[PDB]
Amino acid sequence: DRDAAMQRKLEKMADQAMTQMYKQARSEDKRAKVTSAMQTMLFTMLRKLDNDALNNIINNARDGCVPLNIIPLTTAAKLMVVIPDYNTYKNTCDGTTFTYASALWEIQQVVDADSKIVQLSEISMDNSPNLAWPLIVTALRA
Amino acid sequence: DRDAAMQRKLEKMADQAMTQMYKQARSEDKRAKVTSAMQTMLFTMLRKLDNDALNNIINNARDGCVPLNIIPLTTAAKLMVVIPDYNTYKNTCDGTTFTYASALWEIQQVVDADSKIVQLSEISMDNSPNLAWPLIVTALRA
Amino acid sequence: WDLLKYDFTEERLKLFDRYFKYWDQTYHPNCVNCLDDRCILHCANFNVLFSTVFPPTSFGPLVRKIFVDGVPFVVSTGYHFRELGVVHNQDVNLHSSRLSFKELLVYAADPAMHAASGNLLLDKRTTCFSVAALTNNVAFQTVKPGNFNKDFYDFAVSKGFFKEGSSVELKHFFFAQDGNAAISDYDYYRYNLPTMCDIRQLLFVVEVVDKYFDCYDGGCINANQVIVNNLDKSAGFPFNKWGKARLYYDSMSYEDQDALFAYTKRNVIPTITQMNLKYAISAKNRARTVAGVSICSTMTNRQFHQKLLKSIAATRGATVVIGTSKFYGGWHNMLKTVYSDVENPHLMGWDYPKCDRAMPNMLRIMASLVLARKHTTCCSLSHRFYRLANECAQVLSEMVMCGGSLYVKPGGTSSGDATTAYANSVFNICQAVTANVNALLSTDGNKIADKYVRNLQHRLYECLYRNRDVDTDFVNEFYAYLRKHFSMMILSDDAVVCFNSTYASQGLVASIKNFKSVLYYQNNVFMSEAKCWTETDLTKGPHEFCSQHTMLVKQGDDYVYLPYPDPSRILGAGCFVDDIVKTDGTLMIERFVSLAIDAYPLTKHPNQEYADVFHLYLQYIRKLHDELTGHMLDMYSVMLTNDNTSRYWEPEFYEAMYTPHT
Amino acid sequence: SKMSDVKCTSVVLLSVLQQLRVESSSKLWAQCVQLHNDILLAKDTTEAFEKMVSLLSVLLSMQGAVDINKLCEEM
Amino acid sequence: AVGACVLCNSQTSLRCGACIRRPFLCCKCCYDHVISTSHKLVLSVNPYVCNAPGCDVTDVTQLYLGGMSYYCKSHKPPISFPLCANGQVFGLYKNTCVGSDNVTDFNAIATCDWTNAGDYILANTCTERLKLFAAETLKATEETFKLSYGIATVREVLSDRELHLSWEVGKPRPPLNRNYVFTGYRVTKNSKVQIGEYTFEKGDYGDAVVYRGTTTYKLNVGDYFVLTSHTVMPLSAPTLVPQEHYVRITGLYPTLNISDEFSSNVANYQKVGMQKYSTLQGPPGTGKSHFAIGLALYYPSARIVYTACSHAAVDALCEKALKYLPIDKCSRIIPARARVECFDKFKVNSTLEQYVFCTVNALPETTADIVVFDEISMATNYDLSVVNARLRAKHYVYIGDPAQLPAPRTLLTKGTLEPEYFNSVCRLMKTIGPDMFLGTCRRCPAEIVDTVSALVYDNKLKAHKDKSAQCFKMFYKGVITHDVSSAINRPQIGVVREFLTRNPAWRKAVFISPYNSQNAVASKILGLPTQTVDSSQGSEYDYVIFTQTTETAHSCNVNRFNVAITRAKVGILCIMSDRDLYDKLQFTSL
Ligand SMILES: Nc1ncnc2c1ncn2[C@@H]1O[C@H](COP(=O)(O)OP(=O)(O)O)[C@@H](O)[C@H]1O
Ligand SMILES: [Mg+2]
Ligand SMILES: [Zn+2]
Ligand SMILES: [Zn+2]
Ligand SMILES: [Zn+2]
Ligand SMILES: [Zn+2]
Ligand SMILES: [Zn+2]
């Protein structure tokens, strides 16, 4: 009975050993992953929402059409977003209108990397390589 | 068996007293370190004191006792104004010199909330939204 | 006004003799000359108005250039209170040779060193007085958002939770703040106005409150009897730069601790208190702040007050329910001690808007004096006055640190000192008794049906405005009347009252409007009815006490009251943890076990998805244990021989929590 | 469950923004925490959603702190 | 702490003990490593030594686990089980384990001593993770062996916060690194055993050093500290990013009518454009260092970080960008060491600009849009892993020629290395060929380039220049005094002494020699600007005095002769001793 009971003590002392062991290891296991891992959590859980505005916006971000500032929410406020391709301009800008974040915007700037004031008509099929890509748009919300 | 059982608790109490004495020694060594740190802090703050104006205002006193709130009001050589918006900037420290606490201060530096240098021509009525308020202007007694 | 002038005794006497000339009681501008604790309140009441005509820069500590070891210090040898007048230290050592640890502690705690060394500050963000800024740039402190526990939320939404048409959705979140949080929350002290309380009525509400605080015993204790709950807590400024409080409780022996405590009984130690932004879950977006009092004030305040403070927390069935658990049928016992001889019971509970920031300095001084009425044997009179001065210099109105900058606290309690729940309970009992007195006096008198209570009102008026000494017989009679018709239950700002309905309808005990008027003219805040409830049915208990709704359930053969929390709060605590190691779940089963303990009474609620929270937490603990065992089976080859967790997912462990046997 | 679903996405997005040290820019952190606290206190699906769009645009403008392309093919 | 296995990437916690780098190792993988090699120590979360009061049995196949400790055969408990059983070593994650056959190369990688020339071959053909491990343990073994240590002893113990130090005069001293270690060497009679693992950071006052130790034993009077073993950073990024082929231009924005000089390479800028990483190979003096600026002026809106292993190449790139790129925002990065002079004409240390100039060991952890790695001939796998881990860009550009000199590799003293085994990029450009090419000499005259167009290249390189006929070939003894273990040749500098008075057009000449000692002493003798073969790669030199000193396998290689002779843009004088190398050159015979 004696060495059976002190054997109890051996396995429970090992319970300290194992429980401390697991807790400390998983502690900075949870620290090391989390930043990039919780970015992945943010994107998985963002994608779970399935809102066409967020979908439109981050599929435009994938192609390089990222905004240069925060998107304003009040009517008639300034947004500036860079256009990286003629196809991206063709999909979103029709006429003087600019659809983005499932919203309607009208154009104040088209402007290129040369910071040269540029006007709206020459962006076309055969004149697109002539442009200094990428272009920066300034828009207001309608 | 009785003698060995007596000696076991003796080893227990010996270890307990050993641990208490070891902890007390470490406490003494921490006490010395914190005493040294406090002494160094006090003597450095003494080296920071502006002794001439302080001696003047203490000698002006009757009992030798003065309120604490007027020690920086009459002896501090550097002043900082924290400014929440533009109107208060125009009202308290417009220009390069201003008057507070019956003295004349010259603005040596202007920094925003992000500790970035802001030149004095940058603070305008129309250019206020582009500044990271509050502004911490730093001035010296003249 | 002259800048160097701090002694306004002649001006105070001139004002008193010009305005209150025929007020025949003696008035001491400096409260150090007062006769007793009923003369300190009176002269302090006169001073709190007489100090509103003097410049605000003339208050604060009184510094004096002393010399140590041939080197010139500048230390605070006194204080000029707005209420207690000018107080001078009895022990100033102008030419010192060796500085012991007590002397280093005192000379590092006081703001004279830092304010003298620091640069001058002009802060336009707040209307409060700004003294100095130590470092060369103002520090802006933000609050991070909470950390999402996606596993728990996915398990919840897989169990039919968080829909539209749900009575239970997330309402307690971890709100974040910008860099202007601490400075814009310290600005709420602008709601604290210099309030002159009615003195002929406060000097009787004091007697009634002391009768409420008569069962307990207290006094001074030695340094080897003070017990701290946690030693790893902070030690304020500037002591947080070198370590926690454990360093200062281990470096200082009992001898030089008693030496410091006895030094504070005949000296004033001004003290810097930090403002720490809280990282905690809440239902509204405003930043909450707590005041971090340093260790020099805290140790002495513990040695002064801990006997009474732990005597209050060890008595059951009294008015101040501190130290009484809500488990093991403690809630039921408190709630049946409330219902002790009330005629036609009705339940009432009010709310103090900005309770800790709008309190007048007079009520805090009163609370400190009532808590110091147990030192009639251990302490002398000057010792008690200097302890009150130290409390006012370390708690009430002293320099406040808000992001590397020293400001001036206009008043009100700092909510992080040694006596905050108990002093706040004294304040709440005062407001209740004042409301009762105002309701009783404001009644007509000819409409009074009971002929005794008309005589009681007559005697109340003659003991208020026609007597200058205590009338202990009438104080006992009025206290018995209050305990008979206005039974109370206080934890520091939450009161549940079982007042007489008939007397209140007639107007002879305090009602909601009486408390509103009292808070208007003695607290400078407005008490709207929108957050103060009245319960007309005694079988459902108070609407809300300590953020716990209560209800009547059946246990065994009889009926008991069980406090159930807001399930939104519990779900928010589960979903939003404040750390990354609390997100994984398998590391922390105690978190969810404690949450299930706290939210067990929801099962007995009539609404079903209120009750579903307990089963959600229980199944979550089950799944958490299952996957923890799976992980520890994968990361080893041996499965735990004594896995003792089997009782955490069956309701006996939580049902036994609210049974009165233990 | 569409409503209690955005209110957590704001929390995780603000945590990611704090991870990428938007906290060092007081001006940007201003509307970052502004939109976060306003989305937490929201009643309709709409203003929650384009405030979500505005808050995510902060992470959108960031060229090198994020790399947008990895965090969205395998998911 | 836990980790991942090397050759199977499974979760594990068994570090090997006798491996040079102390890596993480699996269960079955560790069983196979310790059952076939001489490595017997294994570090779990606790060491696998016997737990008797006095016993030293560190082999893992040899002990037994009873209770919670490790015991030997003599000190075994009645109830226990051996660690190495059933083909595995006892450790965490026992049955979540998978093995491989990568141990056949792993054993040879961890067993070799890296002085042979076949292990270097093995370290470049196996899988990626074993490549990274081999490079890491190469760097570790180099730091152990070369420039090893000087003996140090402690005179007395002042305190446990600050230590006393006494270097033995006669040997140098390595400085502070937490990566460096000084193993305790109380070696006297009397326990010649590891008493711990230490590093030393010095104080600003008196004779004191504030150490950092990993043991709880006080110092003896005879305890010593000699630096054995070193820990280099465990990089994770592969040597080469996996290739992905594009169809149209991505992430880059081309320009129309870019310039006149770069018009020949526009198709080249496309093929750089629609590939993930592209490689350029070309004989020296053909415009490899010019193609980077061509890329810059073809892709103007994109940031490009320009980086090379040395400072001379990045400085020549600085010069070419200084003449072709806009001066206003261009950058240059110097390390915190600031040991040597750099191109301080742009912004020094501005990481947020569009054209960043840096050296591989001092890059910041930032992004880019095109990265152009220059002169991979100076690049090992370690430098490639560094630039892959630190720089994160859409396009990679690898420009260089394996025919120029490889890395020093001071351990390599036996055998010969082929150009395709210098690193992974060389293995790419020599096996499957470079993507794109130029060969045409505009630097050295037709004579000397016709000489070198038979030694290293067999007649695939012509020139557009004249045979200026001042490539003087001289053959003399040049008596060799072997002073500093680096060759000094006083009579060679003497024949050069007195063959400079006869030539008035050679007073601007530059002295080149494959031995640094004679190289340095040539400064006061004759006063010309003075450079070695290794550090003169990249810059163009008008007149060159090359001086081959000895006969050996060190200075008689055709590669270093190639780079030393091809830097003379108009004329060169070569001093010599050899006869196979003199038989094939076409120089003026004297
Ligand atoms: N197309 C060209 N037209 C005129 N000169 C050129 C042309 N290409 C290169 N050069 C010249 O040749 C030199 C080549 O230098 P460098 O790029 O160092 O060659 P490599 O990198 O091939 O050793 C440059 O200094 C440049 O002036
Ligand atoms: Mg070149
Ligand atoms: Zn008085
Ligand atoms: Zn006392
Ligand atoms: Zn090994
Ligand atoms: Zn393995
Ligand atoms: Zn042994």
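Protein chains in written order, with the numbering used here: chain A, 1 to 142; chain B, 1001 to 1142; chain C, 2001 to 2662; chain D, 3001 to 3075; chain E, 4001 to 4590.
For each residue, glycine too, the CB sits at the ideal point set by N, CA and C.
Counting C-beta atoms within 10 angstroms of its own C-beta, C/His2305 has 16 or more neighbours from the protein chains shown and is therefore classed as buried. Residue pairing by DSSP places C/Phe2576 opposite C/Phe2148 in a beta bridge.
Taking C-beta atoms under 8 Å as the contact rule, E/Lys4347 and E/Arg4337 fail to qualify, at a distance of about 19 Å.
Looking at A/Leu49, A/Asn59, A/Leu131, A/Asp112, the one whose alpha-carbon comes closest to that of A/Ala101 is A/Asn59. Residue range 1097-1100 is occupied by the beta strand (DSSP E) that includes B/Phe1098. In the structure shown, E/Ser4536 adopts coil according to DSSP, grouped into three states. Listed in chain order, the alpha helix (DSSP H) elements of length 4 or more contained wholly in the segment 38-82 of chain A are 52-63.
In the structure shown, the three-state DSSP call for E/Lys4524 is helix. Every beta strand (DSSP E) stretch that sits fully inside the segment 4278-4311 of chain E and reaches 3 residues is listed by chain position as 4304-4308. Cβ neighbours of C/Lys2326 within its own chain (closer than 6 Å, five residues either side excluded): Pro2563.
The alpha-carbon of C/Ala2112 is positioned some 47 Å away from that of C/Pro2565. Secondary structure note for C/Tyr2339: it is in no alpha helix (DSSP H), with a DSSP letter that is neither H nor E. Judged by their CB atoms, D/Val3012 and A/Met41 are nearer to each other than the 8 Å cut-off. Contact with chain E is found for A/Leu10, since one of that chain's Cβ atoms lies less than 8 Å from the residue's Cβ.
A Cβ-Cβ distance of about 19 Å is found for the pair A/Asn91 and A/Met80, leaving them out of contact under the 8 Å criterion. Contact between C/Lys2005 and C/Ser2058 holds: their C-beta atoms lie close to 6 Å from each other, under 8 Å. Contacts with chain B at 8 Å (Cβ-Cβ) include C/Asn2137.
For C/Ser2637, a Cβ of chain E is located within less than 8 Å of the residue's own Cβ.
Between E/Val4305 and E/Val4371, the gap from beta carbon to beta carbon is short of 8 Å. If one requires a minimum length of 3 residues, no beta strand (DSSP E) run lies completely within the segment 4074-4139 of chain E.
The same chain holds no residue with a CB closer than 6 Å to that of B/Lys1030 once the five nearest residues on each side in sequence are set aside. When distances are taken from the beta-carbon of E/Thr4037 to the heavy atoms of ligand 6, even the shortest one reaches 7 Å or more. Fully contained in the segment 4377-4447 of chain E are the following alpha helix (DSSP H) runs of length 4 or more, in chain order: 4381-4390, 4424-4431. Burial check for C/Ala2181: the Cβ neighbour count within 10 Å reaches 16 or more, so the residue is buried. Here the alpha carbon of A/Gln39 sits roughly 23 Å from the alpha carbon of E/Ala4004. A distance below 8 Å separates the beta carbons of E/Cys4027 and E/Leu4014.
Between D/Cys3032 and D/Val3022, the beta carbon gap of about 6 Å places them in contact (Cβ cut-off 8 Å). DSSP lists C/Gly2060, C/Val2086 as the beta-bridge partner residues of C/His2080. Of the heavy atoms belonging to ligand 6, at least one sits nearer than 7 Å to the Cβ of E/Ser4010. By the Cβ criterion, the segment 2144-2155 of chain C is not in contact with the segment 2649-2660 of chain C, since fewer than three pairs of Cβ atoms, one from each stretch, lie closer than 8 Å. Pairing E/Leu4138 with E/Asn4190, the inter-Cα distance amounts to about 34 Å.
Close to chain D, meaning a Cβ-Cβ distance shorter than 7 Å, are the following residues of the segment 2146-2159 of chain C: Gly2146, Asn2147, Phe2148, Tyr2153, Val2157. Sorted by position in the chain, E/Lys4288, E/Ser4289, E/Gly4538 make up the residues whose C-beta lies under 6 Å from a heavy atom of ligand 2. For C/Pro2410, the CB contacts under 6 Å within the same chain, skipping 5 residues up- and downstream, are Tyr2189, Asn2192 in chain order. Sequence-ordered contacts of the segment 4042-4069 of chain E with chain A read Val4045, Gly4067, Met4068 [C-beta pairs closer than 9 Å]. Identification of residues in the segment 2579-2596 of chain C having a C-beta nearer than 9 Å to some C-beta of chain A yields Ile2580, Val2581, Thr2583, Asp2584, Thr2586, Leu2587, given in sequence order.
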